[PDB]
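Engineer: this is the structure alone, sequence omitted:
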Ligand SMILES: Nc1nc2c(ncn2[C@@H]2O[C@H](COP(=O)(O)OP(=O)(O)OP(=O)(O)O)[C@@H](O)[C@H]2O)c(=O)[nH]1
Ligand SMILES: Nc1nc2c(ncn2[C@@H]2O[C@H](COP(=O)(O)OP(=O)(O)OP(=O)(O)O)[C@@H](O)[C@H]2O)c(=O)[nH]1
Ligand SMILES: COc1ccc(-c2oc3cc(O)cc(O)c3c(=O)c2OC)cc1O
Ligand SMILES: [Mg+2]
Ligand SMILES: [Mg+2]
């Protein structure tokens, strides 16, 4: 049962690069697609040609060519279907409206037809994993247009997002709060599960765990791809937890609108510490409840849990996981809502995690990604909504959107949806 | 009517035409529809020789049009330094006030005619004279950030 | 979003335009014949933004040269790079406009505008993905101001989804004591408020003041002034001409700098301020660069930023320097000067860094502010306009060209409305 990954805009494309590079290493696939090791569950993400070439089920889309041209000429110039690397000539100029209406309209049909080509090669297509920024005009506006069209053309298929949530340290546009709220409003009903990636959280982790004083996108993306990989490993390997996209929703999403789980990953160790003492199951599990290791800045102690999955990779004995969990349910004030099993779901993949040559992370014997649905992630929505409110009260910059095929009432409509979402979290909390 | 022709010759700078019309009885103090005299127009358009000849033949150096503008107002606004000098020598009121409350000092300051500002000050221009919004020439120089002008006005 | 079409109109427009092309040609390693003699590939990656590539690795400016006054033709050609421009891109009339906006906008200028539009169309049709136009002109004359704004409006009609950007030189009695210039500038600003997306306000009052009071040049020349202009024009286009993590193009600049369509007049600034042929052991630190960039003395418009509030700011550092040190200094200025940045536009100061410094400097910084203080520049022009208009001096020069006297009142009213709008957002609170 196949999964198709779609990467939209610069952030989505560059993060996709890092992910598929890691995927190839994890499955023993070379940059030209050849795989001696064997020739399996990795077929969910890789098709196979008659010549034994394993090709990602992946589409990359951008409204200008700069970043995708790098994929077309780089290490993996031969990995992807060349027709699944799709570029226009003029980007969305940081404007949701241009990505969704005026510029994105020119290429949406080509993108859907190229996706159809991949879908037609699947015998049991599960759905889509969609990578994109909140802040960009393409990442926000074209993604919501694409998600709208995918819901119509693939009504029964699941759609998962990995969404890059903006931070001022590395942001590019002052209007990123607008683009973030607009795409969240219009994509909410078309997405089943969305893992937000707070650039500020990733930036902080690079600074304090990896000793990188001024992290670049390359630093950020290698860490993000490690975490994405730990999230998608269950789809590409044998395992008992989160084995298809439907189960992501079953396990992590109790109601369709609050479908934003929090990812926490440990351990993150600088590659300069190649002889670090190895951390135990108990230590890496306890680290999953330290806010400093989260992919989104918020405080789960101020919220309630609705779900909690622990995805282990490496030298991890099940009895040690259970003892580590037992400790957590005692020493820790970890409050579940009253209507959810206060149980932790556990998957173990016994292969040790892979690290990419060129990366910043030390190899480790065991790692864990915790996926939890906590009401505390509403703090991230509140931070965005407040920045939206400051500018929108003056109608600052709104004329750029109204001039690009969008109506001013869509701003208020989107913001009311966000208010309802914040209230959704309060009522569960 | 030689008055309308004198008004036109003064504005256009036609010296000989001005001489001829005065020799045939043209009203040196004719006014156009707004009250401008030949001297106003020659002062506005920079015709120094016509200014002097008009002043030689009975021009009222301090005539006002309907907006209270004197010839010195207009010479100071447009920036004709030599004409400013001649008008003052012939008795021009250095502190004449027009309907907007402006003096010649106000107008030279606004337009950045710094040499004319200095001449007006030397002839007793009133640094405390306020326009209808309460502004003196010094206020204009401060509000404007014109440091050269403000220095000149503090002397 | 690659190519820019550059237009230069009138004497001022062609003079500062020529300097621009001299300066960025040198930055991109292009010589006066069009050959690339540089030793870095960063010089060529985005050369197409401003140059067409022709036969035999020769680069030709995408530049159109316009003037009603034929003598401007010859001045450009006699310049160092005068032979680099495409001869068919010279579009010139028989007689200048004599500082008459009406002649530039309505009579002589309107007779020549279609010939300019033909060359513009030719340059535009050969562009891969045209991003928009930049125009250099003065507002105090007749051609650059009157014909310049007519051109803008016409280009606007033909290319409605293309950005229009101007470098507009504002008049000052300190440089030209010609008293109709407030008329021409006010009529022009009326046009620019409606028809351009972004305008760099190059104020001859500020340029003179910098030269006379800071650089100690007792009698500044146009070359002294234009030395400051070309440093500024190079700095504000750096992010368009060299690859940058900021993805810079004219529309993104507009989206991030212009919160309200009419309030699109930028205050530029530059550090270090230098006189030409006057090298000094500069080696400005990053803290000196940051402080000078926000100093009123370094602004190319004669306005005190401390008298208003920054809606948006871009700061472009050029040279080899610590990114971290820049980040720390840039956060410092916002934390100390906190009250000078509007609180209702979060994260409204952007920093860019280009490794490549301008000619003759190891360190440099360029400032682009959308500051409500720019109302001081419009109020200065407005007061001179009003002083003249109330006595109706030289109005016949304009109405004699078919122009109506109500266009003067309308322009003055629109520019005063512009001032009121700046004051409105200067006093607005996030409450
Ligand atoms: N983590 C990460 N964030 C990125 C990357 N590239 C851009 N961003 C972030 O994404 C936001 C900007 O959106 P982009 O993805 O670059 O823009 P886009 O989707 O191409 O849309 P347009 O360029 O406006 O057409 C900002 O918040 C950036 O910080 C990246 O490679 N990694
Ligand atoms: N900074 C700077 N200003 C200039 C330059 N040349 C002219 N000016 C200013 O431009 C204004 C006059 O406009 P011009 O460009 O000379 O006139 P024009 O555009 O050719 O139009 P015409 O009236 O027909 O001559 C005055 O404010 C001058 O001070 C220059 O080279 N550099
Ligand atoms: C409020 O924060 C911001 C301020 C400015 C910018 C920005 O600055 C420029 C400066 C230039 O000199 C040239 C440019 O092309 C650009 C530009 O394209 C651009 O937007 C992509 C972005 C921001 O987010
Ligand atoms: Mg992009
Ligand atoms: Mg000229």
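Structural biologist: Alright, I've got the coordinates. Numbers count the residues shown, from 1 in each chain, chains lettered A, B, ... in the order given. Ligands and ions are numbered 1, 2, ... in the order given.
Engineer: which residues touch the nearest residue to residue C:127 once chain neighbours are set aside?
Structural biologist: In this structure, residue C:127 finds its nearest non-sequential neighbour in residue C:3, 4.0 Å apart by Cβ to Cβ, 6 or more residues apart in numbering or on different chains. (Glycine included, C-beta is placed from N, CA and C.) Contact analysis of residue C:3 by Cβ atoms under 8 Å, 6 or more residues apart in numbering or on different chains lists C:48-49, C:62, C:127-131.
Engineer: again, but for residue A:180
Structural biologist: Applying Cβ under 8 Å, 6+ apart to residue A:180 gives the contacts A:134-135, A:140, A:165-166, A:384, A:388.
Engineer: let's see it at 7 Å
Structural biologist: Residue A:180 makes contact with A:134-135, A:140, A:166, A:384 under the criterion Cβ atoms under 7 Å, 6 or more residues apart in numbering or on different chains.
Engineer: and it, how far from ligand 4?
Structural biologist: Noted for residue A:180: a distance of 15 Å to ligand 4, by Cβ to the ion, to the nearest Å.
Engineer: and the helix or strand hosting that residue, anywhere near ligand 3?
Structural biologist: Using DSSP states H and E, residue A:180 sits in helix A:176-187. No. Helix A:176-187 stays clear of ligand 3 (Cβ under 6 Å from any ligand atom), getting no nearer than 8.1 Å.
Engineer: how about stretch C:228-248?
Structural biologist: Yes. Stretch C:228-248 reaches ligand 3 (Cβ under 6 Å from any ligand atom) through C:236, C:239-240, C:246-248.
Engineer: contacts with chain A among those, please.
Structural biologist: Residues of the residues of stretch C:228-248 next to ligand 3 in contact with chain A (Cβ under 7 Å from any Cβ of the partner chain): C:246-247.
Engineer: out of the residues of stretch C:228-248 next to ligand 3, which comes closest to residue A:313?
Structural biologist: For the residues of stretch C:228-248 next to ligand 3, the minimum distance to residue A:313 (Cβ to Cβ) is 35.7 Å, reached by residue C:247.
Engineer: tell me the secondary structure at that closest one.
Structural biologist: coil (DSSP: H, G, I helix; E, B strand; the rest coil).
Engineer: residue contacts, the residue nearest to it when sequence neighbours are not counted?
Structural biologist: Excluding the flanking residues, the one nearest residue C:247 by Cβ to Cβ, 6+ apart is residue A:172, at 6.5 Å. Applying Cβ under 7 Å, 6+ apart to residue A:172 gives the contacts A:94, A:135, C:246-247.
Engineer: next up, the contacts around residue A:201.
Structural biologist: By Cβ under 7 Å, 6+ apart, residue A:201 lies in contact with A:294-297.
Engineer: now residue C:306
Structural biologist: C:296, C:340.
Engineer: now do 10 Å
Structural biologist: Shown in contact with residue C:306 (Cβ atoms under 10 Å, 6 or more residues apart in numbering or on different chains): C:294-296, C:337, C:339-340, C:371, C:373.
Engineer: and what of residue A:51?
Structural biologist: For residue A:51, the contacting residues are A:33-34, by Cβ under 10 Å, 6+ apart.
Engineer: quick one: it is in a strand?
Structural biologist: No. The assignment for residue A:51, made by three-state DSSP, is coil rather than a strand.
Engineer: where does the most centrally placed residue in chain A land in three-state SS?
Structural biologist: The centroid of chain A falls nearest to residue A:162 when counting by Cα atoms, centre = their mean (2.1 Å). Secondary structure assignment for residue A:162 (three-state DSSP): strand.
Engineer: that one bridge partners, please.
Structural biologist: residue A:131, residue A:195 (DSSP bridges).
Engineer: contact partners of whichever helix in chain B runs longest?
Structural biologist: Scanning chain B for the longest helix, with DSSP state H as the assignment, gives helix B:2-12. Contact with helix B:2-12 is made by B:1, B:14-22, B:24-32, B:36-45, B:47, B:50-51, B:53-54, B:59, C:396, as judged by Cβ under 10 Å, 6+ apart.
Engineer: could you list the domains of the chain?
Structural biologist: Because you didn't say which chain, this covers chain A. A:1-261, A:262-376, A:377-429 (CATH domains of a matching chain).
Engineer: hm, I was asking about chain C
Structural biologist: With domains defined by CATH domains of a matching chain, chain C comprises C:1-259, C:260-373, C:374-431.
Engineer: most packed of the ones you listed?
Structural biologist: Mean neighbours per residue, mean count of other Cβ atoms under 10 Å in any protein chain shown, is largest over the domains of chain C for domain C:1-259, with a mean of 21.
Engineer: what about it and ligand 4, touching?
Structural biologist: No. Figure legend: domain C:1-259 not in contact with ligand 4 (Cβ under 5 Å from the ion); closest approach 5.8 Å.
Engineer: just the endpoints, please. Distance across that domain?
Structural biologist: One end of domain C:1-259 to the other measures 22 Å (Cα to Cα, to the nearest Å).
Engineer: could you look up the SS state of residue A:159?
Structural biologist: Following three-state DSSP, the label given to residue A:159 is strand.
Engineer: okay, now it: neighbour count?
Structural biologist: By the criterion of other Cβ atoms under 10 Å in any protein chain shown, residue A:159 has 21 neighbours.
Engineer: next, count neighbours for the closest residue to chain B within the stretch 51-200 of chain A.
Structural biologist: Closest to chain B within the stretch 51-200 of chain A is residue A:174: 29.8 Å, counting by Cβ to the nearest Cβ. Neighbour count of residue A:174, defined by other Cβ under 10 Å: 25.
Engineer: ok, now which ones touch it?
Structural biologist: Counting by Cβ under 10 Å, 6+ apart, residue A:174 makes contact with A:94, A:168, A:387, A:391, A:396-397, C:255-257, C:259, C:311-312, C:345-350.
Engineer: how far is stretch A:9-24 from where the chain is centred?
Structural biologist: Centroid separation between stretch A:9-24 and its chain, computed with Cα atoms, centre = their mean, to the nearest Å, is 11 Å.
Engineer: sorry, back to before: quick check: buried residues in the helix holding residue A:180?
Structural biologist: A:176-187 (16 or more other Cβ atoms under 10 Å in any protein chain shown).
Engineer: for the following helix or strand past the longest helix of chain B, packing partners?
Structural biologist: For helix B:2-12, the following helix or strand on the C-terminal side (DSSP H and E) is helix B:15-23. Judged by 3 or more Cβ pairs under 10 Å, 6 or more residues apart in numbering or on different chains; DSSP states H and E, the packing partners of helix B:15-23 are helix B:2-12, helix B:38-44, helix B:48-56.
Engineer: now render those helices as TSV, adding distance to residue C:82 and mean neighbour count.
Structural biologist: As requested, these are exported to TSV (distance: least, Cβ to Cβ, whole Å; neighbours: other Cβ atoms under 10 Å in any protein chain shown):
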stretch	distance to residue C:82	mean neighbour count
helix B:2-12	41	20
helix B:38-44	41	29
helix B:48-56	41	20
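Engineer: so which of those comes closest to residue C:384?
Structural biologist: Checking these against residue C:384 by Cβ to Cβ gives helix B:38-44 as the closest, at 16.3 Å.
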